[PDB]
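Residue numbers (the authors' numbering), protein chains in the order written: chain A, 1, 1A, 2 to 336; chain B, 1, 1A, 2 to 336.
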């Protein structure tokens, strides 16, 4: 590891992040941690969302651990577009890594406890999630609104390369998910890029599914997936579907990765700030701790990451339906390290 | 009176349509039926996909019943674009109606057989699945590919108006599903339109969900939906998810509706032509028959539609696990009318 920027953020972010940090401290001692109040606290204190110079400080660290951002006290989208999206674009988090594993101790909403262990690699910096478009004649029967998705060989190849790498390290199956029959230009780019990068991974079996079909298979046959690669919009949907079939976004972790390592990558539990339960010591820190494993793995701390993975699995396997405070979960996971 | 165009189409289409037509005639005797030979068959014999002359003939009908279209022997996208999409566009099928009900007797891939009874109303004739965009520098690291989604007040309000009418006739709950935080222009148009049309429906409770959150809810809490309204792209994903949790696409029907009634609306089973089981009398005609119920209800034949619904439900509740031939299901349903 070495230098960690911590953005515990809002709501339940601080309490879960505290546990995640405790776990990180217990598996890799001697980490320099810099804590940032970014999100609602900083926004109320200073009016600042993601000050240019904050991005600059964040670059000084090996990685970022984020809790959650969002509070009903801050005006709509201010933090989401100005903090979270911006960080992702500024730090070139082109890889959104979203593992979906159904652990012993976690109920799936699917019938009959299938083994599920896949990872979604979602393109994170292009497509229509970027804000490109416009409207005319707004608020009239004549309104026309356009949304433009920009896709690039540059963006796509990076994410595809990363997904193949991950497939190679896993069960050597990659599923491209897109909608090539109807998004013919973006889909054509995705397909060809998968094929082309595929030439370097003859050991990786490649499948293609339309996103609607993939959605079905996530529900009926989620064990068919090893690594899924997809674009920003479809990945947004299917990573949430993945989390749901694996017991929910409350047990999902996310990596926002600059594979070039030029910028620090960021890791966070998928869940939001849940302001309604903020600071009650109710929130489950499991996902935030799981995001620490992701962070460790990204940084090459494979044994440390393995330790956290094991400790998480241990906690999920015996928690049963016990009401456990946030610090109790952290204690349980820490004890299994 | 009632004039019906029948596009039995390819593969299993003929067989299931025969049963659908058997059920039609049993409930509404006076139906002028014209058969149309469109799909792989026509394409091979004549080279024609959807001549303008044929569309004109189809316009002379009160509704269109379609089996299934497409075959491995036809080049990719040629029937989907030149027949199916073209029919959708030319006949102004701006509403795609996709009921999702889990029937007694049908296994859901979800745990604990949850109550599921919703309808998705999906915008049909705009958005990105129209073909809009392009690419430059293809096949190089400089490739840039764009996809453009055009959304209009004209198109959106039609779909939204229809959704509200459906929610009023149902459980008076409408969920708009979009992604307004990042598709800001199309999103704002959908939000504002639902709000504005909603003014005429104070009886309808309106909820909004991002598509990612809605897909989580389709699997964890599908009972929360009554009517869903969404755009073409998102509807394409969620209708497939909906079919899956309701026991599969093999049991889903679809309405492609011009709600102004200027053109005939079209009704079909959601399933494809399944050429591998064609003419074998294996194909389950249930969905084709459910599509007839939608057709009839669209045409104002509410009693006849109710009779079909009851007969289909009776069939699904008592079929059990025994392998039924096509005409068997057909007769099982027809007898229960």
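Heads up, the beta-carbon is just placed ideally off N, CA and C, and yes, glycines get one too.
| Query | Result |
| --- | --- |
| Using C-beta distances below 8 angstroms, list every residue in its chain close to residue 154 of chain A, excluding the 5 sequence neighbours before and after it, in chain order. | 93, 122, 124, 125 |
| Using a 10 Å radius around the Cβ and a threshold of 16 neighbouring Cβ atoms, would you call residue 285 of chain B buried or exposed? | buried |
| From the beta carbon of residue 72 of chain A, is the nearest beta carbon of chain B less than 8 angstroms away? | no |
| State the Cα-Cα distance for the pair residue 294 of chain B and residue 54 of chain A, rounded to the nearest angstrom. | 58 angstroms |
| How about residue 169 of chain A and residue 226 of chain A: are their beta carbons less than 8 angstroms apart? | yes |
| Specify, as a first and last residue, the run of the alpha helix (DSSP H) that residue 21 of chain B falls within. | 12-26 |
| From this set, A/156, A/97, A/166, which residue's C-alpha is nearest residue 241 of chain A's C-alpha? | A/97 |
| Rounded to whole angstroms, what is the Cα-Cα separation between residue 105 of chain B and residue 174 of chain A? | 29 angstroms |
| Does chain B have any CB closer than 8 angstroms to the CB of residue 350 of chain A? | What the structure shows of chain A is the stretch from 1 to 336, and residue 350 of chain A is not part of that stretch, so it cannot be assessed. |
| Rounded to a whole number of angstroms, what is the C-alpha to C-alpha distance between residue 282 of chain B and residue 10 of chain B? | 10 angstroms |
| Nearest CA to the CA of residue 335 of chain A: which residue from A/1, A/25, A/178, A/131? | A/25 |
| For residue 290 of chain A, does the three-state DSSP call read helix, strand or coil? | helix |
| Using a Cβ cut-off of 8 angstroms (strictly closer), state whether residue 193 of chain B contacts chain A. | no |
| Let me make sure I understand the geometry here. Which of B/238, B/90, B/46, B/202 has the alpha-carbon closest to that of residue 259 of chain B? | B/90 |
| Does residue 285 of chain B get closer than 8 angstroms to chain A when you measure Cβ to Cβ? | no |
| Using 8 angstroms as the Cβ pair cut-off and three pairs as the minimum, do the region 305-315 of chain B and the region 42-52 of chain B touch? | no |
| With distances taken between CB atoms, is the gap from residue 232 of chain B to residue 144 of chain A smaller than 8 angstroms? | no |
| In this structure, how does DSSP classify residue 198 of chain B when only helix, strand and coil are distinguished? | coil |
| Considering only DSSP beta bridges, list what residue 255 of chain A is partnered with. | A/95, A/265 |
| Which residues in chain A have a C-beta closer than 7 angstroms to the C-beta of residue 142 of chain B? List them in chain order. | 151, 152, 188 |
| Quick one: does residue 319 of chain A have its CB under 8 angstroms from some CB of chain B? | no |
| Give a yes or no on whether 8 angstroms exceeds the smallest Cβ distance from residue 109 of chain B to chain A. | yes |
| Mapping the DSSP letters down to three states, classify residue 8 of chain A as helix, strand or coil. | strand |
| Given a limit of 9 angstroms on CB to CB distance, which residues of the region 123-135 of chain A reach chain B? | 126, 127, 128, 129, 130, 131, 132, 133, 134 |
| Check the C-beta distance from residue 120 of chain A over to residue 158 of chain A and give it rounded, since I have them as a contact under 8 angstroms. | 6 angstroms |
| Give a yes or no on whether the minimum CB-CB distance between residue 76 of chain A and chain B is below 8 angstroms. | yes |
| Is there a Cβ from chain A that is less than 8 angstroms from the Cβ of residue 300 of chain B? | no |
| Please identify the residue among A/321, A/85, A/70, A/77 whose C-alpha is closest to the C-alpha of residue 51 of chain A. | A/85 |
| For residue 322 of chain B, is the classification buried or exposed, using 16 other Cβ atoms within 10 angstroms of its Cβ as the cut-off for buried? | exposed |
| Just to confirm my understanding: we take residue 248 of chain A, look at its own chain, exclude 5 residues before and 5 after, and list those with CB closer than 6 angstroms. What are they? | 242, 269, 270 |
| Could you tell me which chain A residues have their CB closer than 7 angstroms to the CB of residue 146 of chain B, listed as they occur along the chain? | 148, 182, 184, 185 |
| Along chain A, which residues have their Cβ under 7 angstroms away from the Cβ of residue 275 of chain B? | By Cβ distance, chain A contributes nothing, its closest Cβ being about 17 angstroms from residue 275 of chain B, past 7 angstroms. |
| Report back the beta-carbon spacing between residue 64 of chain A and residue 127 of chain B to the nearest angstrom; my notes put them in contact at under 8 angstroms. | About 36 angstroms separates the two Cβ atoms, so there is no contact after all. |
| Considering residue 173 of chain B, what are the terminal residues of the alpha helix (DSSP H) in which it resides? | Note, residue 173 of chain B: premise wrong, no alpha helix (DSSP H); beta strand (DSSP E) at 172-177. |
| If you scan the region 108-154 of chain B from start to end, which runs of the beta strand (DSSP E) of 3 or more residues do you find wholly inside it? | 116-122, 132-135, 143-151 |
| Please list, in chain order, all residues of the same chain as residue 253 of chain B whose beta carbon is under 6 angstroms from its beta carbon, the five residues on each side excluded. | 97, 267, 269 |
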